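By letter and in written order, the chains are A, B, C, D, E, F, G, H and I; residue numbering begins at 1 in each of them.
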Amino acid sequence: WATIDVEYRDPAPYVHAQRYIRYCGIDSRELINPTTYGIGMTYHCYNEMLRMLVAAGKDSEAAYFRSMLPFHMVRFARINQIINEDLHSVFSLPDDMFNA
Amino acid sequence: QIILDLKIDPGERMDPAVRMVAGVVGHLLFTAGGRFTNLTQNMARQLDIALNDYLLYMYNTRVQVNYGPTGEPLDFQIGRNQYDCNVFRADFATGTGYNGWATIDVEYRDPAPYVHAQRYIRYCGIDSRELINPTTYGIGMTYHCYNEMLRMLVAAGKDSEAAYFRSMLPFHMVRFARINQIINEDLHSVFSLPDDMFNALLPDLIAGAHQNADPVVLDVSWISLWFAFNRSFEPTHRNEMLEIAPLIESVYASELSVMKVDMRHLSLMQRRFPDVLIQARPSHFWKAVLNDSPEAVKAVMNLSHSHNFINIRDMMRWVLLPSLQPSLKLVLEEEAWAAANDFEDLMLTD
Amino acid sequence: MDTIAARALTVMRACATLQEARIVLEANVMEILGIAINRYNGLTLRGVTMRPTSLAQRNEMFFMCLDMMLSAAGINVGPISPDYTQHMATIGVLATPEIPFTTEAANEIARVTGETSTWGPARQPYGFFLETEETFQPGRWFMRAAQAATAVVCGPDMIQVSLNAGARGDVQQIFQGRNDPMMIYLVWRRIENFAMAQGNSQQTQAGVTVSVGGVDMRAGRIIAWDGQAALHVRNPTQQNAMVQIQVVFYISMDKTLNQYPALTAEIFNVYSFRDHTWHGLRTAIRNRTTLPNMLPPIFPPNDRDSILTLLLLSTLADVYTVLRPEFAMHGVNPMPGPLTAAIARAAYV
Amino acid sequence: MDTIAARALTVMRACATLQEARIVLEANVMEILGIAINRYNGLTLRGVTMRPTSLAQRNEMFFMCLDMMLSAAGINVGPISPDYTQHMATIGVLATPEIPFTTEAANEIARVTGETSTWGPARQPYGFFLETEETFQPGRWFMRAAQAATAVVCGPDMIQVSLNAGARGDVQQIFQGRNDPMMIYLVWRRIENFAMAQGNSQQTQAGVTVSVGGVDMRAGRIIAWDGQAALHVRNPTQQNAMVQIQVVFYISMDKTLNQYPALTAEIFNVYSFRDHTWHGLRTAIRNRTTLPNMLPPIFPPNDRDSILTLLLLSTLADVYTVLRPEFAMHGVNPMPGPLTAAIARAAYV
Amino acid sequence: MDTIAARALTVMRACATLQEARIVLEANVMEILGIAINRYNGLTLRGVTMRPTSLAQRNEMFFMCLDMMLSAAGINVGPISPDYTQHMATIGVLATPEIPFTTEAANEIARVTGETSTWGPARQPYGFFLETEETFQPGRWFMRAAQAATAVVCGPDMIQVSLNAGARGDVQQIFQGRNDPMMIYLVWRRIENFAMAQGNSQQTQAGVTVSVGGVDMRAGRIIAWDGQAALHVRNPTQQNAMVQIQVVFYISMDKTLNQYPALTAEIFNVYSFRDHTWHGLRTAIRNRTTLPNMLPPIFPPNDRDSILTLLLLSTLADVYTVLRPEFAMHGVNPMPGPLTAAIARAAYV
Amino acid sequence: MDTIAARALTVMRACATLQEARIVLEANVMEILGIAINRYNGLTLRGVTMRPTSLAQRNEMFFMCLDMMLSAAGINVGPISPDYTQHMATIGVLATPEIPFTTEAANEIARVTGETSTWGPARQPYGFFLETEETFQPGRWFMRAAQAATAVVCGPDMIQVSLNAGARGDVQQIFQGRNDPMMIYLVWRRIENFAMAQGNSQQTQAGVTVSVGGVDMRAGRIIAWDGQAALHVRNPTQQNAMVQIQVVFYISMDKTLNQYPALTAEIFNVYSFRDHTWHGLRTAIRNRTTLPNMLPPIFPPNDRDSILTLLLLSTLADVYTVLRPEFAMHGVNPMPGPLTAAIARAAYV
Amino acid sequence: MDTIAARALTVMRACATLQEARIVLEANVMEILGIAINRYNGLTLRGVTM
Amino acid sequence: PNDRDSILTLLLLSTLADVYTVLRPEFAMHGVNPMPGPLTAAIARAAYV
Amino acid sequence: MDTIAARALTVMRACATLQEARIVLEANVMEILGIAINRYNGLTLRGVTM
């Protein structure tokens, strides 16, 4: 909601799509070598989600999501990797239509 | 460290007797104390309410109930002398209603083993440094919070109920004196938490903001509160690990530092010999360390690592942290690494 | 940034709360220090205790306030002591949104930044004509050649006009050019008995009139002059007359010692001696600033940085008092003999 | 009524605490504003947020501070802005008992109502003989026909007696009739070298004495005088003498700038510019009071309503600084630039 | 000891929060007074209620504040009332560590004890030559026999040197011996028109120079003079020349009214009247002290006990205002008619 | 504090690397921006992309660099644009130890703070006798009455001594009193053909000598003169002589333009035009400083803050170039995109 | 020989990077100071810390 | 200067100077008597023989 | 276009690092040169060593 998930960058070997997706702004790289600690990985939304869960209902659940957070982002980092790396082919789909 | 969190949910939560009872019990069993916390904010609120109802329950002859401006539970002063029960509300930063309150529990007898900030929790001022009875010791012992509880208990209502509380004082003072010896005297090891963090628990809990130092969530039975008040604790026999413990502590400690050391040298191996480790990534080098190091040690860490998650960055920080408990193993490895910097001395040349 | 300074302040003010060993603290304090100290030792690695009792524990805490004080100001003291080393990281601790600050400290900064950022009218401390090179004898006649009316200075806040019989003229130009006043408060009188060019006594006959911008004004009454209106003096009397005009006080935009509540009291608290250790400390600290290291500024400062620094140092001074810290410092040789006004006197260069 | 004023101050000082968006607040602050805003929005029907971020949320809050600031000082500004409309229901909020106030605010109001409802002795600001019409040359001989002793003013805090050889006489009458002093502190000196009616230098011989209510006082020492006793000057010397009696300072029951702690700075703060939107707002509010809308009152006010207002406005000024509100005002055309010393000067009529 | 004082202060300011009956208290206060009162009624056996309504309940609370106020100042007023019996055991209550004190109270006492124990440079309120026995006519020539340059005082903050054509000489000795200055700020001007020994007007030609310690200084500019350097004046002109040197202000280690923040405003609050009951109570209290019982000290106090006392009273004063106490006092007779500036004027002996 | 500036600098210098967006990056860079922008958007809530393409994305980044550049310089420019809003939170970002700063940047800061805190011998910029009022004709005889040797200035770095046949004398006093040199490099030559008071031509004979501190020096050779030694000139020849001594250059502890590596070019970069948007910006920023908003200071600064600031700006300047931001600024009016040397001229007021 | 100088230079410029206690030194710096100090202390027998 | 060794020495020394600054070392030197008092342009002037 | 110059600059500055063998290349440098030299050889058909 406060993130950049469509990152055009580098010339693509394909050319339909030059874009390369960053869900929650987590580049697969953060796996290879971290970017910023393990404590805070939190992306904006999941963070705000926590704040709300607290202020309103309860922490008991917000704690679950707090601890789950890394697992979540990891899953997403891998997902990104798979998308814009492991599977951009001709059938991939042009950025044109994507943006459209 | 471990909070007496939320109190479960079942529809037995109604049972006004059970609820009210626990409301009183809790204001003397646990610390909302301004020095440190015992319970959840939620757990307390429900307690104050269960208490609030017990008060303005009034099954018998009325008193005087001077309700306050804020509809907030306990904003009423109960007549005759009007002991406004606002003082029995939940103010964590103050301690105000619940146990401790106008007492000192976080004190510091300076010299003590560990230096793990040698503080001492003497529940309700019980500077328990001696062998308890308990046939004696639970005599003229005030708690203030308990004392004021008894005043409000009569100024408001029931004597028959507040009289049971006067007769309870001894047994209640012994449960606590006992606790102090256990906490303070018994569980004083390199595994009990450091103080700057101890002091940070309560305020971080208030702030809501979160850091590593996490409270444990123990959900409790509404009725168990009463049972706990009618159950003191006399430890039959200590854990068999105690006497051996310190040794074990040192074992773990040294083993850790040995690992650090190893990694400190392995890290720089990349900038050192690039042509060999081009494909090298941090994960590699310690996976090898973990590999060649004792499994028991890892196990200990994994307790919170399989739960909390550590990043390569968190690891580097830890490696770079200057604090090593020296052993024979330690110094030798450290020196081995030294001699082992030549590499011609390792029998592999460019 | 202001928040930062507010926090630093809040902490030092909270540290001053530590007067005894077993006393209980105000709920507010145990909430502040508990967090602060932990976060501090977290990036500093120093051993700060919540309840210091020894001396090394007290010195440590003081070094902490010092670090936060210097940081909140933006000062890099350099090698000033062998026992103390400044950790630049303290700034990061003060930037931690998790460390709370007091409402008192919040408004305190808000005021400084608020006024220090804009201007305003204020009573100037010195005489209007204080920066004059020439002054004339008070109550003595003087008529510049070819003039019928001659205005001239006679003191730091006093001027006198020499009018001939039946003479008149404007006087405003003797006031202009100096400073940049917004409103000058005048109060004119008649020099009933003045000395003549030769020394003989002369009398000023009643009837002389002083008008501002046209309207006639009474003598012995304060007058709101805008500094631009025509200050006209008339002498319809058939004798020589001399009237003095006094600048009781004037207002301008230049900052004064009343720009911030009891600023003076603080300044004194900072420039105070205490002992050689504090003296040298406070000195070395201001060496990095534009403020005079050991003697109050002639002219009151006007920038946030300076004002702030002073407030911080003042607070750090109180902290110094309560903690009773003892430690070395380059060029400071402590004399233990019960400290007197005489010894203190000598220390100031 | 006092309870009402303190609540308003508490709330304002609390709103000042919001320097940033994500900063952690003192549990105390949240507890207060939580009730305050909840009850205000109930009787006003506006949307004020505890954690404002936009601008309209910021204005909304500032407007609330203004509504309260006014309700407390008992002012009705009327139609001064197209964006703002004063709700008279604001007074009902400040009276709701469930809204607590700080210890600091209570002790602040009790101080205002305290000294404002009674009197007290205070060092007066200006010279004793300030409201005089005639003044004589200092150090000049002047003997009124038929008198052996002639006291005469020569400054705002100075008088000089001209004694004949062997002359004596009371002087207390030249002081009496002015102000209403309780004690006038004096210090007399011997004019060792004065000018005669002709111009020649004349010496005053040692021996001239001055006695108050009988007892003889030394020269050059301060003298506590009750203004009623007999101020007698004698001259046993066989020559003409002249002595100067100085009114270093005097005390009276007239309110000064030291009636309330650092009232000066509080005033300066309100009279400061900040920006056009402020300037006008502050002015328009003062048009409802006895206080000068844009220039420091020459004479320090003395009524509860006056001082109370200055403080509420001083604080509201700080609230302005922190919230950085932006809104229109009738007759005010804001210059969106950075603002300079010059632009502020021009804004003051 | 300081802890005892700060606690007392806290309690008074805490009681000052009680302006009404039903009003909700800041949870912080409820903790403080809950403890304080419990331990007071225990060691005094008096019936003080946290929520007073009657009057006797209000008095009881005030007597407590007074008891603490006195115990904290170390005062024993004795039998000054038939209704109030000062129970000395109050000190024991103020020593209970279970009783917390505010951060403000801590920093307050830390300041008093802080500056009270040490010295520091102050601006000094009066003129340099205030304590002089002799004075000369300002602007009049005077040449002491056999000299070519003669320095001579002519005001509370003024001196003038009479130079012969081509004369030169040191002047410093006229300043020395007086007070104990650290830095005297000067500003010399040329007396362009002065009176001769006979009365005729003389001119001072441009060329005269005043040098400090060897370096030549300009006219009309403030100069930092240590008081020990050579204040040498030269007259290279072929005529008689007279110059006036002004001590705009000097600094010494003598305590002024700016030792503690807004000390003045606090003082005024104590020396105020309120009503006869207060007046006499305050007087009777100061009769035990070295401080003037009903008139502002001419010279600002300089000891801990003094300053401490004043503050405790200033607070006790506000406590008085809020509580509205009514009690009998030996030798005092209350006049119930509305109270006017006249009635108060009469009460001050 | 220094660390913060280094970080801020690093980040800017890093963003400076983004000419194009398609390009592959030096891994080192990516690491920086990654951590940077992450933490930045985290606290700033803005949307800065490591990989910009649009414009708003570019501006967004520039705004970040601006925010930092300012936080680093400790500046608060206020409302200078409707598009940009400075987030004080930026400081909290730069205080985060997680953020790196190039080795280069660290040494850059260290050097600044280094020289800035101390002094050093530097070849002064302009001639020795620059600040002189009176100058004489070169090669002309002049003998001050009663003297045999008359040294006199005749240039900004030149003097000439007039000797009578057989005259000798020290000359040093002509140099002394000016500046505070440590060493003055001289080179004297014989004025072989000078004009006499009347106009006739005169020759100086071979044999005239110049000795420093007693030792005899050659003509036409550089000479290290401490400025204190005896600069003695002797004329043993039987004719009038005139020589010229030249202060080719000297050295003092006054900061020059070579205090920090190529400070000159850096300054040029800051003071360069680029475009209206930049010009106005750079100006608007320097208005918070002691530096001339749009013209190279005649005198090179000497305080950390100045130098530091200049660098940050100089860098931010390049950042401006690469990113090509487009935004509004109050009081600035962008004349399309041609831009000629002329239009740039007109921009400088 | 020039290399020896360039190395020496680098090392010092790296030591100059220590303005704080900080730890978690940037990869590049740590790597340098590490390698360096080790070989130094090895041939110098002195005890320098990163 | 005009020789490698010269220029070089300067550069290395210059750097070693900045190192001196950041590390702020404290040690003795034969013939040097440090005056720890605050330090001014004056004391500096003096030190240059 | 400026990018082109920046590249050509980086390459040269990098080659300057190659003093006289006894060197352990700055990891970063290797990467760059390799990419460049590679591409260069692919267009020059010349035999450039790293």
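Just so it is clear, a residue touches a chain if its C-beta (ideal position, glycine included) is under 8 Å from a C-beta of that chain, and two chains touch if they have at least 3 such contacts.
Undergrad: Through how few touching steps can chain B be joined to chain D?
TA: Contact-graph shortest path, chain B to chain D, evaluates to 1.
Undergrad: Count the touching C-beta pairs: is F-I or F-H ahead?
TA: Most C-beta pairs in contact, of the two: F-H.
Undergrad: Quick check on the interfaces: C-D is repeated by which of C-F, D-F or C-E, going by over half of contact pairs matching?
TA: C-E
Undergrad: Could you put a whole-Å number on the gap between the CA centroids of chain C and chain I?
TA: The computed centroid separation for chain C versus chain I comes out at 63 Å.
Undergrad: Between chain B and chain G, what is the gap in Å from one C-alpha centre to the other?
TA: Roughly 43 Å separates the two chain centres.
Undergrad: Calculate how many whole Å lie between the centre of chain D and the centre of chain E, each centre taken as the average of the chain's C-alpha atoms.
TA: 18
Undergrad: Among the residues of chain F, which are close enough to touch at least two other chains?
TA: Where chain F meets two or more other chains at a single residue, that happens at 2-3, 23, 28, 78, 88, 97-98, 107, 110, 113.
Undergrad: For chain B, write out the residues touching at least two other chains, lowest number first.
TA: If we look for residues of chain B contacting two or more partner chains, we find 69-70, 91, 93-95, 104, 206-207, 209, 211, 270-272, 313.
Undergrad: Can you tell me which positions in chain D touch chain F when the two form their complex?
TA: 20, 22, 336-339
Undergrad: Would you tell me which residues of chain D are touching chain B in their complex?
TA: These residues of chain D touch chain B: 24, 27, 96-98.
Undergrad: Which bits of chain G are touching chain F when the two form their complex?
TA: Residues 13-14, 16-17, 19-20, 22, 24, 26, 28-29.
Undergrad: List the residues on chain C that touch chain H in their complex, please.
TA: 78-79, 82, 283-284, 287, 293, 330-332
Undergrad: Taking the touch rule as given, give the residues of chain H at its contact with chain F in the complex, in rising order.
TA: For chain H paired with chain F, touching residues are 15, 17-18, 21-22, 39, 41, 44-45, 48.
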